[PDB]
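Only one structure is covered here, and it is reproduced in the block below.
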Amino acid sequence: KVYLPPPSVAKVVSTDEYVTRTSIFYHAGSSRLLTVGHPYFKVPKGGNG
Amino acid sequence: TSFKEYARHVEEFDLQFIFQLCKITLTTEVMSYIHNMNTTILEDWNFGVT
Amino acid sequence: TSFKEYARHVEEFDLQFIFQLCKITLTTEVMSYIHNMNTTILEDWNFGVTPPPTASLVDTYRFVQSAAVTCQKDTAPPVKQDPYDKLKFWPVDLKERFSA
Amino acid sequence: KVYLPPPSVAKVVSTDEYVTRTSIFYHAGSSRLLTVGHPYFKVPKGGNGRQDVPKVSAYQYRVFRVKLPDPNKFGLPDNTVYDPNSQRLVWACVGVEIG
Amino acid sequence: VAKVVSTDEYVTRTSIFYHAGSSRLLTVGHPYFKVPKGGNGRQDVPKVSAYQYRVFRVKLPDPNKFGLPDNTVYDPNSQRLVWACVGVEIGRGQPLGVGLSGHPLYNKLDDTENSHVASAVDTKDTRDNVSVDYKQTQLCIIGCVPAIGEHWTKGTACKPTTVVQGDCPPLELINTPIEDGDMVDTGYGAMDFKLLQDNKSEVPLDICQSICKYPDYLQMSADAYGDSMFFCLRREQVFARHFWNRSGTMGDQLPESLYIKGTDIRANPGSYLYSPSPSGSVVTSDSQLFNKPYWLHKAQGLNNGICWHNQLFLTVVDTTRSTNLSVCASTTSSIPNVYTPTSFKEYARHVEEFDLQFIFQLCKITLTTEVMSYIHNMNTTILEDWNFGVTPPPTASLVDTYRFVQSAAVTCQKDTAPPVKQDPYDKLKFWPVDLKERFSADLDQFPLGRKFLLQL
Amino acid sequence: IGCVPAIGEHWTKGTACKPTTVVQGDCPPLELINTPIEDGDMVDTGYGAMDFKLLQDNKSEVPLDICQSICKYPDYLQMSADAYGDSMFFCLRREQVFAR
């Protein structure tokens, strides 16, 4: 119980059932992500941050 | 002795996407079911009501 | 003096039973009255609609023969056993000496 | 907003009312039950599973905690009678002859 | 005629479809033996080292007598009920993994492969510590019944006489049912190693005190009605890592006639027992069979995939995961700053995880008479277990039963006497598998199921 | 691929539920553990999802970068056992190895 309980019974179903598909088309994309550092350990240098 | 040796690690990266957004008409039991999956979404849609 | 004496009791029983099934057409307000009466049966049937979620990935053989995790495994929750299992019974599966 | 009981009445009634009856019959019957020990007291003897004489007198209440078969199990669920979830299945034991 | 009936020639196939699947099986122990800790419940660390034939005695429920019978679908009275599984995806545990086994007192004459020096001392007990792997291999056998491996032994010196101590016996080949945990042959001995080597001084320790088989697929393919195993899947590879000649007395002799002699050790040539070291080769994940639907259709088996008594004998091999694991545990509660191994008690165990997953079709079989009775003559037993005219049984026994125990001193016959039909494979070890609830029809909700549905 | 992060599985030590000697340097008791994975979680290499240190009272006997580390292994099984894919909608794997 809480917040919403039944009616009615039932089971579990894929979403796709209720998915209104659209024409929506996107591109989205992240260009180059980069981060570099030292293999074994972090090199502390107590800047820091 | 004249030379200090150092060890450094590197990364470069790219995500690319195509979305199609979907609409879901909320109906209550569904909503509850969705709620029962996670309400938070619904709040976070604010499916409401207040 | 030449004799050591002992005192014992015995009890035997066989009950025979006749059942009848009933259906419950699960009508909502009743059901919910019944939820409100108590859920748990209802719970024990329905409601597989989200959420009836669950665990997985389990079972582990000899735990522990020696050096497997000892496990205070011991996982059950309520109900009915709570309390019933605090209580003596001659525990009875009759369930399969059930004859049509 | 947590129980949640709609109108009207909201007051208990007999079961039978909503009981969907069947013709269903089963016999069920307890293979033989016996249990034994010493009346006056328990003889613990350690050794230790329990390895013991339970105190078995009989002026102690006779309570069978009886586990019954789930009727909602079957089948062939397709069956005549059944629609889950329209219906759920339930026992009534109706009859007993106590040996 | 003996003429196989062949399932389908009377098994009424159905629309019945079901899911089953096993949540995780898990167990750990040591790469060799059981390290006992005096027993009994349990207090031992067993072996766990999966190079053993894997037999899941796989139990399902009686479909016959599910309960309730409008019997609308069917009259059991005629059409008694049976499972057939159709589709399987066994979900397989773990990363992939690998390991080593050896023998400190592994003999050797020499590393005659291409020794750097070719020294050859003639002193005994130079048998040293060497470890190794085997043939990279995945196999599974599926059946209604268990399986048979075949393996050797020092066979009967069935010559009338008897003979010399240390003389070579004649060697006899033996078939045996494979059982759960049965040790695999790995590349070296569907036979009794332990028997074979008087020395115990050779091969990896694990097999020293061993016997294995190789699975008798061929006879098992030659199956009486295409049952036992009605399905089988197999995949194996290897190469030779390094070469030796063993040390040991040649229990026979070399012909001279092979050479112009030399001087000394060359006049008298040394051992002729040449011996390699194995290895399975590289692994890629790609070659793992596991985790896909094997939908079956037609099969080899003329039982097309059914189990009476609800037992399927799931038989399996995987080389992709071999390790028992090392704990360096300090003897000291201190952790010293100068490390000595001696401050550490070091320990070895391997661990194994599993899922079987299924799509069944129960099928119903109408009782036909000079055929049912043939089935009796196939084997009655099932049929008994589906019974029919007159059980028979016995009331006085039936009543009696469960009374005793709620104590252990009061009555102390303490279950000396049993009651079974008996599975002979009682004397055999299974991984006891039951699934009488993995039962589902939630194909959708079943990984495989989804596929299966999709497979439609 | 998921809308929600995911779970690894990795190894620990079990319990030895009593003073099971508790020897200093005893055999450990052995337990299997799942953990959710974060961005940058350390991996299996083909070697061991566990704590290392846990095992090795030496810090002297594994590849050093992972010496005093702890790792997980992907619970693919689980995540295949996911209720809906929000950990795993998709899953992909490719690994190859031999022993040098």
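Letters A, B, ... mark the chains of the structure tokens in the order given; residue numbers begin at 1 per chain; ligand numbers begin at 1, in order shown.
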Next on the checklist: Which residues are near range 15-32 of chain A? Cut-off 7 Å, only C-alpha atoms, ignore same chain within fewer than 2 positions. Put them as a PyMOL selection string.
Outcome noted: (chain A and resi 13+34) or (chain B and resi 12-24)
Exercise. Starting from chain F, keep only residues with some atom at most 8 Å from an atom of chain A, counting only C-alpha atoms, and report them as a ChimeraX atom specification.
Key: /F:64-65,84
Those residues you just picked out, can you put them in a file as a compact mmCIF listing (two decimals), in the first residue's frame with N, CA, C and O atoms?
# COMPACT_ATOMS: atom_id res chain seq x y z
N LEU F 64 50.37 -5.34 -8.25
CA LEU F 64 50.28 -4.34 -7.27
C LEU F 64 49.18 -3.36 -7.37
O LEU F 64 48.62 -3.05 -6.34
N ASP F 65 48.77 -2.89 -8.55
CA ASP F 65 47.71 -1.90 -8.62
C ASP F 65 46.45 -2.43 -7.96
O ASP F 65 45.62 -1.73 -7.40
N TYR F 84 13.23 -5.50 -15.30
CA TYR F 84 12.77 -4.80 -16.49
C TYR F 84 13.82 -4.17 -17.38
O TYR F 84 13.49 -3.81 -18.51
Open item on the list: Can you work out which residues from chain C touch chain D at a cut-off of 8 Å (counting only C-alpha atoms) and hand them back as an MDAnalysis selection string?
Closed with: chainID C and resid 7:27 29 32:33 35:36 45:46 88:100
Emit the selected residues as an mmCIF file, in the first residue's frame, including C-alpha atoms.
data_model
loop_
_atom_site.group_PDB
_atom_site.id
_atom_site.type_symbol
_atom_site.label_atom_id
_atom_site.label_comp_id
_atom_site.auth_asym_id
_atom_site.auth_seq_id
_atom_site.Cartn_x
_atom_site.Cartn_y
_atom_site.Cartn_z
ATOM 1 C CA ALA C 7 6.483 -44.364 33.502
ATOM 2 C CA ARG C 8 5.231 -43.597 29.932
ATOM 3 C CA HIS C 9 2.296 -42.175 27.930
ATOM 4 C CA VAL C 10 0.934 -42.693 24.571
ATOM 5 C CA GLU C 11 -1.696 -41.058 22.402
ATOM 6 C CA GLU C 12 -3.120 -42.091 18.996
ATOM 7 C CA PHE C 13 -5.524 -40.373 16.511
ATOM 8 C CA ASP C 14 -6.939 -40.330 12.914
ATOM 9 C CA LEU C 15 -9.301 -37.690 11.756
ATOM 10 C CA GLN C 16 -10.880 -37.892 8.315
ATOM 11 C CA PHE C 17 -12.070 -34.771 6.503
ATOM 12 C CA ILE C 18 -14.163 -33.611 3.675
ATOM 13 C CA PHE C 19 -13.567 -30.429 1.858
ATOM 14 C CA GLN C 20 -15.341 -28.099 -0.386
ATOM 15 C CA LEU C 21 -13.830 -25.543 -2.500
ATOM 16 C CA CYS C 22 -15.224 -22.158 -2.839
ATOM 17 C CA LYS C 23 -14.436 -19.491 -5.197
ATOM 18 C CA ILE C 24 -14.230 -16.057 -4.319
ATOM 19 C CA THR C 25 -15.045 -13.787 -7.057
ATOM 20 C CA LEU C 26 -12.785 -11.142 -6.071
ATOM 21 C CA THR C 27 -14.942 -8.122 -5.979
ATOM 22 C CA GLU C 29 -15.024 -3.634 -2.414
ATOM 23 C CA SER C 32 -10.893 -4.400 -0.023
ATOM 24 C CA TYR C 33 -13.127 -4.876 2.762
ATOM 25 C CA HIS C 35 -8.125 -6.002 2.793
ATOM 26 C CA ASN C 36 -9.376 -4.009 5.476
ATOM 27 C CA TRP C 45 -3.211 -14.121 -4.226
ATOM 28 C CA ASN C 46 -3.282 -10.978 -5.860
ATOM 29 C CA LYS C 88 3.172 -25.850 20.063
ATOM 30 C CA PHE C 89 1.345 -27.892 17.600
ATOM 31 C CA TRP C 90 1.213 -31.135 16.237
ATOM 32 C CA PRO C 91 1.944 -29.648 12.917
ATOM 33 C CA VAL C 92 -0.184 -31.005 10.222
ATOM 34 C CA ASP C 93 0.165 -31.092 6.494
ATOM 35 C CA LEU C 94 -2.959 -32.782 5.608
ATOM 36 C CA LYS C 95 -2.752 -31.336 2.202
ATOM 37 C CA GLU C 96 -1.902 -34.480 0.360
ATOM 38 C CA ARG C 97 -3.680 -37.180 2.283
ATOM 39 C CA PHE C 98 -6.366 -35.317 0.689
ATOM 40 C CA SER C 99 -8.229 -37.784 -1.498
ATOM 41 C CA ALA C 100 -10.719 -36.699 -4.076
#
| message | According to DSSP computed on the backbone, where in range 3-35 of chain A is there strand (DSSP E or B)? Give the residues as a ChimeraX atom specification. | response | /A:10,20,28,34-35
With N, CA and C atoms kept, could you save the residues just selected as an mmCIF file, in the first residue's frame?
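Contents of the output file again.cif:
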data_model
loop_
_atom_site.group_PDB
_atom_site.id
_atom_site.type_symbol
_atom_site.label_atom_id
_atom_site.label_comp_id
_atom_site.auth_asym_id
_atom_site.auth_seq_id
_atom_site.Cartn_x
_atom_site.Cartn_y
_atom_site.Cartn_z
ATOM 1 N N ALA A 10 -2.665 -7.662 -10.786
ATOM 2 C CA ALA A 10 -2.688 -8.149 -12.130
ATOM 3 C C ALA A 10 -1.269 -8.716 -12.279
ATOM 4 N N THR A 20 3.422 5.695 -25.779
ATOM 5 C CA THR A 20 2.977 6.291 -26.995
ATOM 6 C C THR A 20 4.227 6.559 -27.683
ATOM 7 N N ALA A 28 21.505 13.322 -30.042
ATOM 8 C CA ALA A 28 22.163 13.925 -28.944
ATOM 9 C C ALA A 28 23.494 13.277 -28.864
ATOM 10 N N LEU A 34 37.325 13.684 -21.378
ATOM 11 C CA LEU A 34 38.631 13.280 -21.154
ATOM 12 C C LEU A 34 39.051 13.496 -19.767
ATOM 13 N N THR A 35 39.796 12.548 -19.251
ATOM 14 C CA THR A 35 40.303 12.648 -17.932
ATOM 15 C C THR A 35 41.494 11.708 -17.895
#
Can you pull out every residue within 12 Å of residue 17 in chain F, counting only C-alpha atoms, but drop anything in the same chain fewer than 2 positions away, and send it as a ChimeraX atom specification?
/C:63-64,66-73 /F:14-15,19-22,28-30
Would you write out those residues with C-alpha atoms, as a short mmCIF file (atom, residue, chain, number, x, y, z; two decimals), in the first residue's frame?
data_model
loop_
_atom_site.label_atom_id
_atom_site.label_comp_id
_atom_site.auth_asym_id
_atom_site.auth_seq_id
_atom_site.Cartn_x
_atom_site.Cartn_y
_atom_site.Cartn_z
CA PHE C 63 26.73 -24.00 3.56
CA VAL C 64 29.04 -24.42 5.38
CA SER C 66 33.52 -25.98 6.93
CA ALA C 67 34.85 -22.66 5.67
CA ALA C 68 31.97 -21.71 3.48
CA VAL C 69 30.28 -18.80 5.05
CA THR C 70 28.57 -20.04 8.13
CA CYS C 71 25.71 -17.95 7.57
CA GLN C 72 23.29 -16.95 9.97
CA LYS C 73 21.21 -17.30 6.85
CA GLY F 14 31.84 -15.56 5.64
CA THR F 15 31.07 -16.08 9.12
CA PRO F 19 34.30 -19.13 18.36
CA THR F 20 35.14 -21.54 15.71
CA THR F 21 38.68 -21.29 17.02
CA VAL F 22 38.93 -18.07 15.21
CA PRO F 28 38.43 -17.93 6.63
CA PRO F 29 34.78 -18.57 6.22
CA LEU F 30 33.72 -17.75 2.76
#
Q.
Would you pick out the contacts of residue 47 in chain C at 9 Å or less, using only C-alpha atoms, so that residues sharing its chain but fewer than 2 positions from it are not included, and give the list as a list in words?
A. residues 6, 7, 8, 9, 10 and 11 of chain A; 42, 43, 44, 45, 49, 50, 51 and 52 of chain C
Those selected residues, please, written with N, CA and C atoms and delivered as a JSON list (two decimals), in the first residue's frame.
[["chain", "number", "residue", "atom", "x", "y", "z"],
["A", 6, "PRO", "N", -3.87, -1.06, -5.64],
["A", 6, "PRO", "CA", -4.75, -1.40, -6.74],
["A", 6, "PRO", "C", -6.10, -0.72, -6.51],
["A", 7, "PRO", "N", -7.24, -0.93, -7.15],
["A", 7, "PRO", "CA", -7.59, -1.85, -8.23],
["A", 7, "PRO", "C", -6.62, -1.93, -9.36],
["A", 8, "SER", "N", -6.59, -3.02, -10.16],
["A", 8, "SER", "CA", -7.40, -4.24, -10.09],
["A", 8, "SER", "C", -6.57, -5.40, -9.56],
["A", 9, "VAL", "N", -5.77, -6.16, -10.37],
["A", 9, "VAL", "CA", -5.04, -7.30, -9.82],
["A", 9, "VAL", "C", -3.52, -7.29, -9.82],
["A", 10, "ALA", "N", -2.67, -7.66, -10.79],
["A", 10, "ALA", "CA", -2.69, -8.15, -12.13],
["A", 10, "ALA", "C", -1.27, -8.72, -12.28],
["A", 11, "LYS", "N", -0.35, -8.20, -13.12],
["A", 11, "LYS", "CA", 1.02, -8.73, -13.16],
["A", 11, "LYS", "C", 2.01, -7.63, -13.45],
["C", 42, "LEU", "N", -5.31, -11.95, 0.48],
["C", 42, "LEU", "CA", -5.56, -11.31, -0.74],
["C", 42, "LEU", "C", -4.30, -11.00, -1.43],
["C", 43, "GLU", "N", -3.37, -10.64, -0.58],
["C", 43, "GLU", "CA", -2.00, -10.39, -0.81],
["C", 43, "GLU", "C", -1.40, -11.65, -1.27],
["C", 44, "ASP", "N", -1.87, -12.73, -0.72],
["C", 44, "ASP", "CA", -1.41, -14.01, -1.01],
["C", 44, "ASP", "C", -2.00, -14.46, -2.28],
["C", 45, "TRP", "N", -2.65, -13.63, -3.04],
["C", 45, "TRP", "CA", -3.21, -14.12, -4.23],
["C", 45, "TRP", "C", -2.91, -13.24, -5.27],
["C", 49, "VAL", "N", 0.05, -6.97, -9.88],
["C", 49, "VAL", "CA", 0.20, -5.69, -10.52],
["C", 49, "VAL", "C", 1.32, -5.04, -9.81],
["C", 50, "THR", "N", 2.14, -4.15, -10.41],
["C", 50, "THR", "CA", 3.23, -3.54, -9.65],
["C", 50, "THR", "C", 2.71, -3.00, -8.35],
["C", 51, "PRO", "N", 3.28, -3.36, -7.25],
["C", 51, "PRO", "CA", 4.50, -4.09, -7.13],
["C", 51, "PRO", "C", 4.30, -5.45, -6.48],
["C", 52, "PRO", "N", 4.70, -6.51, -7.11],
["C", 52, "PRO", "CA", 4.87, -7.74, -6.38],
["C", 52, "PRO", "C", 6.35, -8.06, -6.41]]
**Q.** Within 8 Å of chain E: residues of chain F, using only C-alpha atoms, as number ranges by chain
**A.** F: 23-28, 46-47, 55-58, 73, 77, 80-81, 94-99
Excluding residue 70 in chain F and its own-chain neighbours fewer than 3 positions away, which residues fall within 9 Å of it when counting only C-alpha atoms? Please give them as a PyMOL selection string. chain F and resi 10+42-43+48-54+66-67
Please dump the current selection as a PDB file, in the first residue's frame; keep N, CA, C and O atoms.
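Saved result, out.pdb, follows:
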ATOM      1  N   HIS F  10      30.836  -9.949  -6.051  1.00  0.00           N
ATOM      2  CA  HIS F  10      32.171 -10.025  -5.651  1.00  0.00           C
ATOM      3  C   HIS F  10      32.244 -10.778  -4.365  1.00  0.00           C
ATOM      4  O   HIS F  10      31.269 -11.136  -3.748  1.00  0.00           O
ATOM      5  N   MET F  42      36.337  -0.733  -9.728  1.00  0.00           N
ATOM      6  CA  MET F  42      37.335  -1.644 -10.169  1.00  0.00           C
ATOM      7  C   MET F  42      36.912  -3.037 -10.329  1.00  0.00           C
ATOM      8  O   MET F  42      35.972  -3.581  -9.766  1.00  0.00           O
ATOM      9  N   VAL F  43      37.494  -3.509 -11.374  1.00  0.00           N
ATOM     10  CA  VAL F  43      37.078  -4.630 -12.062  1.00  0.00           C
ATOM     11  C   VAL F  43      37.721  -5.884 -11.747  1.00  0.00           C
ATOM     12  O   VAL F  43      38.801  -5.951 -11.196  1.00  0.00           O
ATOM     13  N   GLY F  48      39.591 -11.656  -9.824  1.00  0.00           N
ATOM     14  CA  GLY F  48      38.853 -11.788  -8.558  1.00  0.00           C
ATOM     15  C   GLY F  48      38.111 -10.589  -8.030  1.00  0.00           C
ATOM     16  O   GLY F  48      38.624  -9.521  -7.728  1.00  0.00           O
ATOM     17  N   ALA F  49      36.806 -10.758  -7.884  1.00  0.00           N
ATOM     18  CA  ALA F  49      35.914  -9.774  -7.386  1.00  0.00           C
ATOM     19  C   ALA F  49      35.799 -10.101  -5.966  1.00  0.00           C
ATOM     20  O   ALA F  49      35.336 -11.174  -5.648  1.00  0.00           O
ATOM     21  N   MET F  50      36.332  -9.268  -5.109  1.00  0.00           N
ATOM     22  CA  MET F  50      36.510  -9.576  -3.736  1.00  0.00           C
ATOM     23  C   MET F  50      37.218  -8.413  -3.165  1.00  0.00           C
ATOM     24  O   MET F  50      37.588  -7.521  -3.915  1.00  0.00           O
ATOM     25  N   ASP F  51      37.684  -8.589  -1.929  1.00  0.00           N
ATOM     26  CA  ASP F  51      38.744  -7.806  -1.401  1.00  0.00           C
ATOM     27  C   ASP F  51      39.858  -8.769  -1.409  1.00  0.00           C
ATOM     28  O   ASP F  51      39.720  -9.928  -1.119  1.00  0.00           O
ATOM     29  N   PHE F  52      40.980  -8.233  -1.732  1.00  0.00           N
ATOM     30  CA  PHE F  52      42.257  -8.740  -1.896  1.00  0.00           C
ATOM     31  C   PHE F  52      42.888  -8.914  -0.576  1.00  0.00           C
ATOM     32  O   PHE F  52      43.581  -9.860  -0.256  1.00  0.00           O
ATOM     33  N   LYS F  53      42.819  -7.842   0.171  1.00  0.00           N
ATOM     34  CA  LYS F  53      43.518  -7.654   1.388  1.00  0.00           C
ATOM     35  C   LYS F  53      43.025  -8.626   2.364  1.00  0.00           C
ATOM     36  O   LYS F  53      43.781  -9.410   2.919  1.00  0.00           O
ATOM     37  N   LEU F  54      41.700  -8.755   2.321  1.00  0.00           N
ATOM     38  CA  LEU F  54      40.870  -9.731   2.930  1.00  0.00           C
ATOM     39  C   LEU F  54      41.517 -11.049   2.829  1.00  0.00           C
ATOM     40  O   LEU F  54      41.737 -11.744   3.796  1.00  0.00           O
ATOM     41  N   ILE F  66      46.272  -3.722  -7.972  1.00  0.00           N
ATOM     42  CA  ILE F  66      45.112  -4.229  -7.364  1.00  0.00           C
ATOM     43  C   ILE F  66      45.362  -4.822  -6.047  1.00  0.00           C
ATOM     44  O   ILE F  66      44.438  -5.070  -5.305  1.00  0.00           O
ATOM     45  N   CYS F  67      46.615  -4.904  -5.630  1.00  0.00           N
ATOM     46  CA  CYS F  67      47.021  -5.353  -4.311  1.00  0.00           C
ATOM     47  C   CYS F  67      46.153  -4.973  -3.198  1.00  0.00           C
ATOM     48  O   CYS F  67      45.503  -5.790  -2.557  1.00  0.00           O
TER      49      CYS F  67
END
Can you list, as number ranges by chain, all residues belonging to range 320-435 of chain E that DSSP tags as alpha helix (DSSP H)?
-> E: 372-379, 381-384, 395-400
Deliver the residues from the most recent selection as a file, using N, CA and C atoms, as a short mmCIF file (atom, residue, chain, number, x, y, z; two decimals), in the first residue's frame.
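Everything below was put into out-v6.cif:
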data_model
loop_
_atom_site.label_atom_id
_atom_site.label_comp_id
_atom_site.auth_asym_id
_atom_site.auth_seq_id
_atom_site.Cartn_x
_atom_site.Cartn_y
_atom_site.Cartn_z
N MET E 372 0.34 -50.06 -24.46
CA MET E 372 0.62 -49.63 -23.14
C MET E 372 1.34 -50.67 -22.46
N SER E 373 0.89 -51.82 -22.82
CA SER E 373 1.42 -52.99 -22.30
C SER E 373 2.70 -53.24 -22.89
N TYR E 374 2.99 -52.55 -23.94
CA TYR E 374 4.25 -52.68 -24.54
C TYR E 374 5.01 -51.77 -23.74
N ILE E 375 4.46 -50.66 -23.36
CA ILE E 375 5.20 -49.81 -22.55
C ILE E 375 5.51 -50.45 -21.32
N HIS E 376 4.69 -51.32 -20.83
CA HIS E 376 5.07 -51.98 -19.63
C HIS E 376 6.29 -52.75 -19.84
N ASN E 377 6.31 -53.29 -20.99
CA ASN E 377 7.43 -53.98 -21.47
C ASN E 377 8.49 -53.09 -21.91
N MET E 378 8.24 -51.83 -21.92
CA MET E 378 9.29 -50.94 -22.07
C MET E 378 9.74 -50.82 -20.66
N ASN E 379 8.88 -50.39 -19.83
CA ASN E 379 9.07 -50.46 -18.48
C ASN E 379 7.75 -50.06 -18.02
N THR E 381 7.32 -49.28 -15.06
CA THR E 381 7.32 -48.66 -13.78
C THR E 381 6.62 -47.43 -13.62
N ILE E 382 6.73 -46.61 -14.59
CA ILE E 382 6.06 -45.40 -14.80
C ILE E 382 4.62 -45.56 -14.79
N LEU E 383 4.29 -46.63 -15.42
CA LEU E 383 2.97 -46.96 -15.72
C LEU E 383 2.32 -47.30 -14.48
N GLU E 384 3.05 -47.92 -13.58
CA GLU E 384 2.67 -48.14 -12.23
C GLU E 384 2.54 -46.86 -11.59
N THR E 395 -3.64 -51.35 3.75
CA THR E 395 -4.24 -50.54 4.84
C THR E 395 -3.50 -50.51 6.15
N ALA E 396 -3.23 -51.66 6.76
CA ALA E 396 -2.61 -51.70 8.06
C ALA E 396 -1.29 -50.98 8.10
N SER E 397 -0.56 -51.05 6.99
CA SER E 397 0.68 -50.34 6.85
C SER E 397 0.42 -48.87 6.68
N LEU E 398 -0.53 -48.59 5.79
CA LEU E 398 -0.91 -47.27 5.45
C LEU E 398 -1.40 -46.45 6.61
N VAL E 399 -2.13 -47.06 7.54
CA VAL E 399 -2.65 -46.32 8.66
C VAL E 399 -1.49 -45.82 9.50
N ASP E 400 -0.96 -46.75 10.28
CA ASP E 400 0.19 -46.76 11.11
C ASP E 400 1.08 -45.56 11.01
#
* **Pairwise distance for CA of residue 58 in chain C and CA of residue 25 in chain E, rounded to one decimal in Å** =>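 Computed distance, CA of residue 58 in chain C to CA of residue 25 in chain E, equals 6.8 Å.
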**Interface residues on chain C facing chain E, 6 Å, only C-alpha atoms, written as a list in words** =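 Taken together, these residues fit the definition: residues 57, 58, 59, 60, 61, 65 and 66 of chain C.
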Point to revise | Interface residues on chain B facing chain C, 12 Å, only C-alpha atoms, written as a VMD selection string | key: chain B and resid 29 to 39
